[PDB]
Structures are given as C-alpha cells and as structure tokens.
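As structure tokens, one chain now follows by itself in the form deposited in one PDB entry.
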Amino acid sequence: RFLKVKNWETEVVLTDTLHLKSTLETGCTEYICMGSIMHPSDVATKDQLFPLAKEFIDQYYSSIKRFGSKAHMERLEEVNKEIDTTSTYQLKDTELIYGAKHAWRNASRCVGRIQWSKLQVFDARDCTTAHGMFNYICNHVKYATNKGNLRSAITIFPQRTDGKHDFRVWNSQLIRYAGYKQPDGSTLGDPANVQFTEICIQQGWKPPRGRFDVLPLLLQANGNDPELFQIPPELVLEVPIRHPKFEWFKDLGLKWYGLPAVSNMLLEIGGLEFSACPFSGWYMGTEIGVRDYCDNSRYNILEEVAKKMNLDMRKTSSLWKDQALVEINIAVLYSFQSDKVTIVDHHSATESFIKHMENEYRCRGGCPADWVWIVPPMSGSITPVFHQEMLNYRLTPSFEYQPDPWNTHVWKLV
C-alpha cells in the first residue's frame, strides 16, 4: 500500500510507504482525530523486550547494508543471551549513535530535522552519581555552545533498569530562567518555571529573585534523591535583546539564553529506555519571540511593547498585538545575529524542512510530520509548510514524554 501527500502551493505529490513500518499509536481512531491533543494516550518483561530488540538490530544492520550477515546473526544471538540472563541488554556504541540520530530523524514535531545526521553523541552510560552527571552536562553545554557557533549534541545517561534506579534531569531544559510568584499575585521572571523554582528553593537554592535568574541543575542518579548544582556562569551564553530601529527596545531589559537544551524527555532505542538524555540544537526565532515572550502565560510583553510603539490598543481590529509581535521577533533575530549566535528564522527553517521532507520521501519512503507543531506560531500561511500535506505516525527509536519526576519520586532523606 501507498499513501499520497500533496503540496497545494506547488502541486508536488509525494508517496509514503514508510508508514507501513509504524509501531505504536497516534492516539487517533478510525472515527476520531486527536491530532491537536498535546499528550494523546513499570518496565518491560523478557518476552516484550526480545521482539523490540530484534526489530532495532535488524534495522541497524539493514542501514549499514549488512542484513543477514554473520555479524548481524551473531549480534542477535548476543542480545538474546543478555536478555535471557539479565532481563536487559547493552547497546554497542555504534548502535547508540545510530539510535540517537534516528530518534531525532523520527521526531515528527521537529522542524529542524534536515540536520539530523550531524548530531554529536556523548555516551554517559558509565555515570553513577549526580556529580558525574553535572560534569557530563557542563562538557555538553561547553561543546554545544562553541562560543556562539552552536553544535547539536546529546548526552545519554544509563538506561532504566527496574524503574527504581532512574537517572533524571529534573530541569525541563538545561538552561531556563526562574519564576517567582509574588504576594500580590504577580510573577517575577518566567511563569512557566514557578513550580520547578519552588522545588529548587526547598532543596536549598538561594534565589537572587531577579527577572532572568539562570536556574540550578537538579540531577538524579540511580534513583537517589536529586542534588543541586550551579552551572558555571561562563558556560551560559546569553543575548541581550535590542531592535535595529527602536532605540527604546533595549530599555525593556530583555535577554535570552542561546542554547535550547531539552532535558525532560525519554529516549527509546530497541526497547531500552534512556530517561535522562539532554539534547540541544539552536533556536528558531519564534520559539523565543512568539512563545517565550508573548504567550499570556509566559513573559507576556505584548502590552508593554505596544505601548512604546504608541499603538491603538483600544480595539483588537487595529491588530496592535500582531504589529508588536512582528517587531519583537525582528528584535530577537537581529540580536542573535549581531552577537553571532546561531539562530534560524521561521521562513528559512520551514523552507529547509520542505527540502528535507522531499529528500526523505525519495530516499526513505516518507517523513512523519506533525503539521500542528511544524507550522510556526506566527505567519503560518506565508511559510511553505502550511500548504504541505503531512502524515503523522510513530517510528522507533523515538523521543517520548515522561512524567515529571517530582510526581513519582519517593524521597529518602530524614
């Protein structure tokens, strides 16, 4: 069977056969589509693990043109021995690298996948303590930041065993700003991070109580209670936000960090679960300029910017929000570019994604893609992805959501 997707702007038609490989659920049924649901839906037994491991090893050996080889058959036997004797197995370094890259390649919500095969993989599977995790994360941050010439990277900590000894980065990204709820109901800093900021303070973090306090790392090794660490400030690259035409913009006192580094997701390779696997790339401008700054639940700067622009804010049909949103996103891109910190605008990013998508259909037979996430949060239809039909399905290896660790961790101290 084949499925066709059409681009309604160019009339190009692509043919998807890769979906026949899909594994788990989208969340939809034959009679209901759940494509706009954010999250649609203890450890694997021996019997469950065998077929998952085989499927991954088969696809690895097919990727390197050695399917059926003596080395292929011996690896399968070796993996089977380990599962039989230990209820788990260990990836070779080559398989871990291949698996991490393909989880990125398979991330249907990521528009930056043209870069998927250029991913620096740091193997941290020998780590045993939160101090060791801190060291690996500092090295990742330094390598990835690269004085502003950002490089994609992932660091992979030891895989889940019985579920009682999980490695976890409690942060949602390696670098984020604190949020503080005030007595009068206002919020200082980033409202998204209020809860995690409270956990840090409880663990003994002494907060500066400013608007852009870089949060400490809260690291959990081997299922133990998590521990606090301060990222050395010289490793945290930041960009002050100014505007090429409005001299007053710099007086808003805005800044942002250069390195987007997701740390709360789970990486699944051949049935193995890597619950701590922070990965980083570089920003698309709208992530900061539209969501971080202008979401009503975030820094929410539209009103203040529109004021300094002298816009008519009495009626929505003046489009004062739309006008202010564009200028903010102009400022974000100008600031990063002026400081020579890698960033991509949404027009360039979506154009590259269409090229990537077409290449993937030709060389791989498809490209799972989540239109709801791929289309940027402003100016949707003037980007090419808006007009591109897409098919969403789940391939493995994959990145997955997982529960926040404070909702499941059972504490040990006192």
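Between two forms, the rigid core is the largest collection of C-alphas that superpose within 1.5 Å. Numbers for residues come from their place in the sequence shown, where the first is 1.
A.B. asks: What about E351, left without coordinates in a third or more of the other entries of this protein that model its neighbours?
C.D. replies: No.
A.B. asks: When the other PDB entries of this protein are compared, is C28 left blank in at least a third of them?
C.D. replies: No, none of the compared structures omit it.
A.B. asks: Report, from the record, the number of residues in the deposited sequence between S41 and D42 that have no coordinates, as none, 1 to 3, 4 to 9, or 10 or more.
C.D. replies: Unmodelled stretch: 4 to 9 residues.
A.B. asks: Mean C-alpha B factor from the entry: is it higher for 55 to 63 or for 364 to 372?
C.D. replies: It is 55 to 63.
A.B. asks: Please compare 135 to 143 with 306 to 314 and say which has the higher mean C-alpha temperature factor in the record.
C.D. replies: 306 to 314 has the higher mean C-alpha B-factor.
A.B. asks: From the list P278, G148, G285, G185, select the residue with the highest C-alpha B factor recorded in the entry.
C.D. replies: Answer for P278, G148, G285, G185: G185, with the highest C-alpha B-factor.
A.B. asks: Which one of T128, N329, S87, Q173 shows the top CA temperature factor in the record?
C.D. replies: The C-alpha B-factor peaks, among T128, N329, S87, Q173, at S87.
A.B. asks: Taking the values exactly as deposited, rank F229 by C-alpha B-factor within its chain and report the matching third: lowest, middle or highest.
C.D. replies: Tercile = middle for this residue's CA B-factor.
A.B. asks: Going by the recorded CA B-factors, say which third of the chain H387 sits in, lowest, middle or highest.
C.D. replies: Lowest third of the chain for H387's C-alpha B-factor.
A.B. asks: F399's Cα B-factor: lowest, middle or highest third of the chain?
C.D. replies: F399: CA B-factor falls in the lowest third of its chain.
A.B. asks: Check where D123 lands among this chain's C-alpha B-factors and tell me if it's the lowest, middle or highest third.
C.D. replies: Lowest third, going by the recorded CA B-factors of the chain.
A.B. asks: Taking the values exactly as deposited, rank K250 by C-alpha B-factor within its chain and report the matching third: lowest, middle or highest.
C.D. replies: According to the entry, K250 has a C-alpha B-factor in the chain's highest third.
Below, we refer to the form deposited in another entry, which is not included among the displayed structures.
A.B. asks: Which residue in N300, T128, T86, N139 stands out, with a C-alpha shift of 2 Å or more between the shown form and the other one when both forms are set on the rigid core?
C.D. replies: Single hit from the list, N300.
A.B. asks: Any chance the CA of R291 moves 2 angstroms or more between the shown form and the other one, core superposed?
C.D. replies: The answer is yes; the displacement is at least 2 Å.
A.B. asks: Can you confirm the direction of the Cα distance change for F246 and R291 in the other entry, closer or farther than in this form, given it is 3 Å or more?
C.D. replies: Closer, not farther.
A.B. asks: Tell me whether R298 and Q173 end up closer or farther apart in the other entry, going by their C-alpha atoms; the shift is 3 Å or more.
C.D. replies: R298 and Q173 sit farther apart in the other entry.
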